[PDB]
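Down below is the structure, laid out as structure tokens.
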Amino acid sequence: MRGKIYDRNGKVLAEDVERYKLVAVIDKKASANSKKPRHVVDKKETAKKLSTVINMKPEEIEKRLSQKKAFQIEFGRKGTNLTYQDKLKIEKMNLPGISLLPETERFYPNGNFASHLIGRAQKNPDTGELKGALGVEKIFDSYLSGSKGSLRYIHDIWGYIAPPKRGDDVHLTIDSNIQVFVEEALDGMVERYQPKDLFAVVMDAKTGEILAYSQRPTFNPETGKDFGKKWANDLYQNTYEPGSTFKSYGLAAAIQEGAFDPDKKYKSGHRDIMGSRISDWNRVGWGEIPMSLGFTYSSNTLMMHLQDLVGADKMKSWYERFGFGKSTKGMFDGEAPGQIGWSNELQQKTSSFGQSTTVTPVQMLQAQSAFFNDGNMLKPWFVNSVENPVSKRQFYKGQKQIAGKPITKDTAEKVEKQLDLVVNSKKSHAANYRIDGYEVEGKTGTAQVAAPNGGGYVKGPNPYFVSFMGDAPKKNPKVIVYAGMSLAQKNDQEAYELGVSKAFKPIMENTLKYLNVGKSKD
Amino acid sequence: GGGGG
């Protein structure tokens, strides 16, 4: 067998199953050698009797039974993936020339479910051998594959090279219950907005475990629908100009260097950099205001100010210590490193509010974790264990690791206080993200998206990648939820206004409810 | 962006 892929609760996400294939011998030669006929003798009534199961047009079955004088015939995709109780039903008809041959298929019980993480294994027609083409299935192919026991190698994750055979089972950190909430809410967003790109990830604030992840446009692993259009996994392989979500780190840097004072007033409005009026989202500003406010509002000028006070060279190092521009050394294939945009003053400035600079969504989880774990960034991981279920031998076992402490405990508490404000302030420009009964906090994340191949940015009515990096319960969270949407093709206006609030709210509410986190008032 | 509301 190819090994199974389980969730954290032990529920199967992928497994091998035995299905069957219909074959009909149509040539008299078969029955020339003995008494009882071994070819279809009454095409007409055989076709009717078979019109009981599956793609039952009796005449279309007769067309196929009537074809040339080939020995044996198949029935396309309908003539495959037949269940065992379908087999039994036909076997009782005892028809001349009809047979079902066993074939193994990879089965994903949920169909479209974390499609881009789980991945998909393709079948070699001739041999019946399954081989991972994307996601888990590809990374862990050798271990999964009960056959390939020559020299087993973990794709790109250099090491663990442990050299009638059953395969190895892969245990993920995913919780099927939380994954449901994600898939449902993303379906909603696609219906509403029809974005070009979309993701949501739920991470355990205190471990770095990925509890749920999906993206649109994804594929259906079961059917092979849409597989190969978008190959890239958003979370690990695709880069984004993150936008205002990225200010959180620009702030932390400052707070620590002692350059940010929440009550100190700064000049908002415009900032002339390299012959360009880089201005706030409102284009006009709010004049002289406290920094605390600027951040609540998401002032682009604030971050630019703060960069100047701290210093270019020092801010670059700050973003590096927050794990950006480098792989998170997660368990996934060809994880994208992104890059800190720092070639000139323009790139540097635009970076502090999340342009020029590219990140993996994961880099961002890693960063954000700092604020709730006393300045320690947690390595985000999704693989709980790879173990042969016969021997119980663990070839890998995942655990929570500290990918760095860039910031202090004091700094983290002060950052959290501002994140609380961003949502729960009197003048909050992010009330849309508030939930009933539960205390939320996080950062709005509106960004311009780059032209796919060459040119500048995408233009249009609202050509924005909106995001929210939220956590709850406030101060001492259970989870981080990061949703991002790129280029809504429908209701682009509401998209800019609400952002991903319409997806974050349900996911977080449902998750907290399922994890039995206490409420207040309805 | 950042707000818008």
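Ordering of the structure tokens sets the chain letters (A, B, ...); residue numbers start at 1 within each chain; ligands are numbered from 1 in the order shown.
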Item to check | Counting only C-alpha atoms, chain A residues within 9 Å of chain B, as JSON, numbers by chain | outcome: {"A": [243, 244, 245, 280, 281, 282, 297, 298, 299, 300, 428, 429, 430, 443, 444, 445, 446, 447, 448, 464, 466, 496, 497, 498]}
Checklist entry - Any idea what's packed within 9 Å of residue 201 of chain A, counting only C-alpha atoms, ignoring anything in its chain fewer than 3 positions away? Could you give it as an MDAnalysis selection string? => result chainID A and resid 182 210:215 235 361 480:483
Since we have the selection now, will you write its residues out, keeping N, CA, C and O atoms, as a compact mmCIF listing (two decimals), in the first residue's frame?
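Output below, filename result-v1.txt:
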```txt
# COMPACT_ATOMS: atom_id res chain seq x y z
N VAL A 182 -12.76 27.03 7.27
CA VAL A 182 -11.96 27.75 6.25
C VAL A 182 -12.61 27.50 4.89
O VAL A 182 -12.84 28.47 4.18
N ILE A 210 0.07 24.56 12.07
CA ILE A 210 -0.95 24.98 11.09
C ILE A 210 -2.18 24.12 11.33
O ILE A 210 -2.13 22.90 11.07
N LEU A 211 -3.25 24.73 11.82
CA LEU A 211 -4.52 24.02 12.09
C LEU A 211 -5.42 23.97 10.87
O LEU A 211 -6.28 23.11 10.79
N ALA A 212 -5.30 24.94 9.98
CA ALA A 212 -6.08 24.93 8.73
C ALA A 212 -5.40 25.82 7.72
O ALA A 212 -4.77 26.83 8.08
N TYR A 213 -5.54 25.44 6.45
CA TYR A 213 -5.02 26.22 5.33
C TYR A 213 -5.78 25.89 4.04
O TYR A 213 -5.84 24.74 3.68
N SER A 214 -6.30 26.90 3.35
CA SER A 214 -6.66 26.67 1.92
C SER A 214 -6.59 27.94 1.11
O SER A 214 -6.43 29.03 1.66
N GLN A 215 -6.70 27.77 -0.19
CA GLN A 215 -6.48 28.85 -1.17
C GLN A 215 -7.45 28.68 -2.32
O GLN A 215 -7.90 27.55 -2.56
N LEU A 235 0.73 29.65 0.64
CA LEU A 235 1.29 29.79 2.00
C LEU A 235 2.82 29.75 2.00
O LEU A 235 3.50 30.56 2.72
N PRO A 361 3.33 34.22 3.00
CA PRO A 361 2.38 34.29 4.10
C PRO A 361 2.94 33.71 5.40
O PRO A 361 2.59 34.18 6.49
N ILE A 480 -3.83 32.51 15.57
CA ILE A 480 -3.59 33.59 14.61
C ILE A 480 -4.34 33.16 13.36
O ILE A 480 -4.17 32.02 12.91
N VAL A 481 -5.14 34.05 12.81
CA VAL A 481 -5.80 33.82 11.50
C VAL A 481 -5.28 34.87 10.55
O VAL A 481 -5.44 36.05 10.85
N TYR A 482 -4.70 34.44 9.44
CA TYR A 482 -4.22 35.33 8.37
C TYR A 482 -5.00 35.03 7.09
O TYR A 482 -4.74 34.04 6.40
N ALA A 483 -5.82 35.99 6.66
CA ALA A 483 -6.54 35.87 5.36
C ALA A 483 -5.96 36.92 4.43
O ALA A 483 -5.58 38.00 4.92
```
Item to check | Residue neighbourhood segment 120-123 of chain A, 6 Å, only C-alpha atoms, exclusion window fewer than 3 positions, as a PyMOL selection string | outcome: chain A and resi 128-134+137+221
Next on the checklist: Give me the residues near segment 115-118 of chain A as a PyMOL selection string, where near means some atom within 10 Å (using only C-alpha atoms) and where sequence neighbours in that chain fewer than 4 positions away do not count.
Outcome noted: chain A and resi 5-6+13-14+108+110-111+132+134-138+172+212-222+227+230-236+332+382
Can you write just those residues out, C-alpha atoms, as a PDB file, in the first residue's frame?
```
ATOM      1  CA  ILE A   5      -2.228  10.863   5.263  1.00  0.00           C
ATOM      2  CA  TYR A   6      -3.960  11.677   8.591  1.00  0.00           C
ATOM      3  CA  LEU A  13      -7.270  12.789   4.466  1.00  0.00           C
ATOM      4  CA  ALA A  14      -5.921  10.411   1.764  1.00  0.00           C
ATOM      5  CA  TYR A 108      -9.458  11.841  -0.753  1.00  0.00           C
ATOM      6  CA  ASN A 110     -13.232  15.306   1.541  1.00  0.00           C
ATOM      7  CA  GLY A 111     -12.542  15.950  -2.188  1.00  0.00           C
ATOM      8  CA  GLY A 132       2.950  12.407  -5.766  1.00  0.00           C
ATOM      9  CA  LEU A 134       2.287  18.247  -5.553  1.00  0.00           C
ATOM     10  CA  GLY A 135       2.064  18.974  -1.831  1.00  0.00           C
ATOM     11  CA  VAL A 136       2.536  16.325   0.875  1.00  0.00           C
ATOM     12  CA  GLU A 137       2.094  13.552  -1.701  1.00  0.00           C
ATOM     13  CA  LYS A 138       5.209  14.751  -3.592  1.00  0.00           C
ATOM     14  CA  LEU A 172      -0.392  16.532   9.766  1.00  0.00           C
ATOM     15  CA  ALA A 212      -6.076  24.929   8.727  1.00  0.00           C
ATOM     16  CA  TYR A 213      -5.021  26.223   5.331  1.00  0.00           C
ATOM     17  CA  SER A 214      -6.658  26.672   1.920  1.00  0.00           C
ATOM     18  CA  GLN A 215      -6.478  28.853  -1.166  1.00  0.00           C
ATOM     19  CA  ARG A 216      -8.488  29.791  -4.259  1.00  0.00           C
ATOM     20  CA  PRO A 217      -8.152  28.971  -7.010  1.00  0.00           C
ATOM     21  CA  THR A 218      -7.335  25.455  -5.747  1.00  0.00           C
ATOM     22  CA  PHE A 219      -8.036  22.041  -7.293  1.00  0.00           C
ATOM     23  CA  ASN A 220      -9.977  18.890  -6.474  1.00  0.00           C
ATOM     24  CA  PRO A 221      -7.458  16.145  -5.614  1.00  0.00           C
ATOM     25  CA  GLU A 222      -9.989  13.356  -6.146  1.00  0.00           C
ATOM     26  CA  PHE A 227      -4.791  20.556 -11.114  1.00  0.00           C
ATOM     27  CA  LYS A 230      -2.014  27.297 -10.186  1.00  0.00           C
ATOM     28  CA  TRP A 231       0.774  24.917  -9.180  1.00  0.00           C
ATOM     29  CA  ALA A 232       2.137  27.198  -6.432  1.00  0.00           C
ATOM     30  CA  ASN A 233       1.021  26.837  -2.822  1.00  0.00           C
ATOM     31  CA  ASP A 234       0.135  30.351  -1.591  1.00  0.00           C
ATOM     32  CA  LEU A 235       1.292  29.787   2.004  1.00  0.00           C
ATOM     33  CA  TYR A 236       4.824  28.521   1.224  1.00  0.00           C
ATOM     34  CA  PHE A 332       7.521  22.183   2.189  1.00  0.00           C
ATOM     35  CA  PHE A 382       2.402  21.404   9.488  1.00  0.00           C
TER      36      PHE A 382
END
```
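Between atom CA of residue 442 of chain A and atom CA of residue 364 of chain A the separation is 12.5 Å.
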Checklist entry - Leaving out segment 158-164 of chain A and any residue of its chain fewer than 2 positions from it, which residues lie within 12 Å of it when counting only C-alpha atoms, given as an MDAnalysis selection string? => result chainID A and resid 1 139:140 142:143 146:156 166:168 329:333 386:388 393:397
Preceding selection exported with N, CA, C and O atoms as a CSV table (one decimal), in the first residue's frame:
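The new file selection.csv reads:
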```
chain,number,residue,atom,x,y,z
A,1,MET,N,0.8,-1.2,0.0
A,1,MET,CA,0.0,0.0,0.0
A,1,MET,C,0.9,1.3,0.0
A,1,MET,O,2.0,1.2,0.4
A,139,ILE,N,6.4,15.6,-1.7
A,139,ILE,CA,7.5,15.7,-0.7
A,139,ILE,C,7.8,14.4,-0.1
A,139,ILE,O,9.0,14.0,0.0
A,140,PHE,N,6.8,13.7,0.4
A,140,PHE,CA,6.9,12.4,1.2
A,140,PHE,C,6.7,11.2,0.3
A,140,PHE,O,6.5,10.1,0.9
A,142,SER,N,8.5,9.0,-1.5
A,142,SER,CA,9.3,7.9,-1.2
A,142,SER,C,8.9,7.2,0.1
A,142,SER,O,9.0,5.9,0.2
A,143,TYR,N,8.5,7.9,1.1
A,143,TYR,CA,8.1,7.3,2.4
A,143,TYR,C,6.7,6.7,2.3
A,143,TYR,O,6.5,5.5,2.7
A,146,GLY,N,5.1,2.3,-0.4
A,146,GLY,CA,5.5,1.0,0.2
A,146,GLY,C,6.5,0.3,-0.7
A,146,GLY,O,7.3,-0.5,-0.2
A,147,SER,N,6.5,0.6,-2.0
A,147,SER,CA,7.4,-0.1,-3.0
A,147,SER,C,8.8,0.5,-2.9
A,147,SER,O,9.7,-0.3,-2.6
A,148,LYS,N,8.9,1.8,-3.1
A,148,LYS,CA,10.3,2.5,-3.1
A,148,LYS,C,10.9,2.4,-1.7
A,148,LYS,O,10.6,3.3,-0.9
A,149,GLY,N,11.6,1.3,-1.4
A,149,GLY,CA,12.4,1.2,-0.2
A,149,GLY,C,13.9,1.1,-0.4
A,149,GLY,O,14.5,0.6,0.5
A,150,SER,N,14.4,1.6,-1.6
A,150,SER,CA,15.8,1.6,-1.9
A,150,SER,C,16.5,2.5,-1.0
A,150,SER,O,17.1,2.1,0.0
A,151,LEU,N,16.5,3.8,-1.4
A,151,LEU,CA,17.0,4.9,-0.5
A,151,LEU,C,16.0,6.0,-0.4
A,151,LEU,O,15.8,6.7,-1.4
A,152,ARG,N,15.3,6.1,0.7
A,152,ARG,CA,14.2,7.0,0.9
A,152,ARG,C,14.7,8.4,1.2
A,152,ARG,O,15.5,8.5,2.2
A,153,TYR,N,14.3,9.4,0.4
A,153,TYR,CA,14.8,10.8,0.6
A,153,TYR,C,13.6,11.8,0.7
A,153,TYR,O,12.7,11.6,0.0
A,154,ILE,N,13.7,12.7,1.7
A,154,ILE,CA,12.7,13.7,1.9
A,154,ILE,C,13.0,14.9,0.9
A,154,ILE,O,13.6,15.9,1.3
A,155,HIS,N,12.5,14.8,-0.3
A,155,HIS,CA,12.5,15.7,-1.4
A,155,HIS,C,13.7,16.7,-1.3
A,155,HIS,O,14.8,16.3,-1.8
A,156,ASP,N,13.6,17.7,-0.5
A,156,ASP,CA,14.4,18.9,-0.5
A,156,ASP,C,15.0,19.1,1.0
A,156,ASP,O,16.0,19.7,1.2
A,166,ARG,N,4.3,-2.5,3.2
A,166,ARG,CA,3.3,-1.5,3.5
A,166,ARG,C,4.0,-0.1,3.6
A,166,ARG,O,5.2,-0.1,4.0
A,167,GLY,N,3.3,1.0,3.3
A,167,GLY,CA,3.9,2.3,3.3
A,167,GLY,C,3.8,3.0,4.6
A,167,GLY,O,3.3,2.5,5.6
A,168,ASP,N,4.5,4.2,4.6
A,168,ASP,CA,4.6,5.1,5.8
A,168,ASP,C,3.5,6.1,5.8
A,168,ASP,O,3.2,6.7,4.8
A,329,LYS,N,12.4,27.6,6.7
A,329,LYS,CA,12.9,26.2,6.8
A,329,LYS,C,11.8,25.3,7.2
A,329,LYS,O,12.0,24.3,7.9
A,330,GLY,N,10.6,25.6,6.7
A,330,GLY,CA,9.4,24.8,6.8
A,330,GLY,C,9.6,23.5,6.0
A,330,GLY,O,10.5,23.5,5.2
A,331,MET,N,8.7,22.6,6.2
A,331,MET,CA,8.8,21.2,5.6
A,331,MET,C,8.4,21.1,4.2
A,331,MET,O,8.3,20.0,3.7
A,332,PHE,N,8.2,22.2,3.5
A,332,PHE,CA,7.5,22.2,2.2
A,332,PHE,C,8.6,22.3,1.2
A,332,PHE,O,9.7,22.9,1.4
A,333,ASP,N,8.3,21.8,0.0
A,333,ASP,CA,9.3,21.9,-1.2
A,333,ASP,C,9.4,23.3,-1.7
A,333,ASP,O,8.5,24.1,-1.6
A,386,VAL,N,5.9,11.3,10.5
A,386,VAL,CA,6.0,10.3,9.4
A,386,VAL,C,6.4,9.1,10.1
A,386,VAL,O,7.5,9.1,10.6
A,387,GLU,N,5.5,8.1,10.1
A,387,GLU,CA,5.9,6.8,10.8
A,387,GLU,C,5.2,5.7,10.2
A,387,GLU,O,4.0,5.8,9.9
A,388,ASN,N,5.9,4.6,10.0
A,388,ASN,CA,5.3,3.3,9.5
A,388,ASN,C,4.4,2.7,10.6
A,388,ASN,O,4.9,2.6,11.7
A,393,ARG,N,7.7,3.2,13.9
A,393,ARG,CA,9.0,3.9,13.9
A,393,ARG,C,8.8,5.3,13.4
A,393,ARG,O,8.4,5.4,12.2
A,394,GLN,N,9.2,6.4,14.1
A,394,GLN,CA,9.0,7.8,13.7
A,394,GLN,C,10.2,8.2,12.9
A,394,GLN,O,11.3,8.5,13.6
A,395,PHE,N,10.1,8.3,11.6
A,395,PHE,CA,11.1,8.9,10.7
A,395,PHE,C,11.3,10.4,10.8
A,395,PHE,O,12.4,10.9,10.7
A,396,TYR,N,10.2,11.1,11.1
A,396,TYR,CA,10.2,12.5,11.5
A,396,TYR,C,9.1,12.8,12.5
A,396,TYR,O,8.0,12.2,12.5
A,397,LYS,N,9.4,13.6,13.5
A,397,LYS,CA,8.4,14.1,14.4
A,397,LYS,C,8.6,15.6,14.6
A,397,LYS,O,9.7,16.0,15.0
```
Item to check | Spatial neighbours of segment 402-418 of chain A, 6 Å, only C-alpha atoms, chain gap at least 2 places, as a VMD selection string | outcome: chain A and resid 256 321 371 374 to 379 420 to 421
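Proximity to residue 271 of chain A was assessed for A:197, A:308, A:16, A:471 counting only C-alpha atoms; the smallest distance is recorded for A:308.
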Item to check | alpha helix (DSSP H) per DSSP on the backbone: members of segment 330-414 of chain A, as a list in words | outcome: residues 345, 346, 347, 348, 349, 350, 351, 361, 362, 363, 364, 365, 366, 367, 368, 369, 409, 410, 411, 412, 413 and 414 of chain A
Just write the chosen residues, C-alpha atoms, as a PDB file, in the first residue's frame.
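Output below, filename result34.pdb:
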```pdb
ATOM      1  CA  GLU A 345      15.346  55.214  -0.633  1.00  0.00           C
ATOM      2  CA  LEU A 346      12.058  54.703  -2.536  1.00  0.00           C
ATOM      3  CA  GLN A 347      12.078  50.906  -2.042  1.00  0.00           C
ATOM      4  CA  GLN A 348      13.151  51.326   1.585  1.00  0.00           C
ATOM      5  CA  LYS A 349      10.382  53.808   2.409  1.00  0.00           C
ATOM      6  CA  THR A 350       7.646  51.939   0.480  1.00  0.00           C
ATOM      7  CA  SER A 351       8.846  48.750   2.272  1.00  0.00           C
ATOM      8  CA  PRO A 361       2.379  34.288   4.104  1.00  0.00           C
ATOM      9  CA  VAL A 362       4.381  31.950   6.377  1.00  0.00           C
ATOM     10  CA  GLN A 363       7.216  34.499   6.985  1.00  0.00           C
ATOM     11  CA  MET A 364       4.365  36.689   8.239  1.00  0.00           C
ATOM     12  CA  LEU A 365       2.952  34.063  10.655  1.00  0.00           C
ATOM     13  CA  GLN A 366       6.494  33.535  11.901  1.00  0.00           C
ATOM     14  CA  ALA A 367       6.935  37.291  12.501  1.00  0.00           C
ATOM     15  CA  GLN A 368       3.536  37.857  14.148  1.00  0.00           C
ATOM     16  CA  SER A 369       4.009  34.964  16.601  1.00  0.00           C
ATOM     17  CA  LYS A 409       8.986  41.039  26.142  1.00  0.00           C
ATOM     18  CA  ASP A 410       8.304  44.769  26.860  1.00  0.00           C
ATOM     19  CA  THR A 411       8.291  45.648  23.138  1.00  0.00           C
ATOM     20  CA  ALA A 412       5.847  42.785  22.360  1.00  0.00           C
ATOM     21  CA  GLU A 413       3.310  43.947  24.989  1.00  0.00           C
ATOM     22  CA  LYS A 414       3.453  47.494  23.582  1.00  0.00           C
TER      23      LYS A 414
END
```
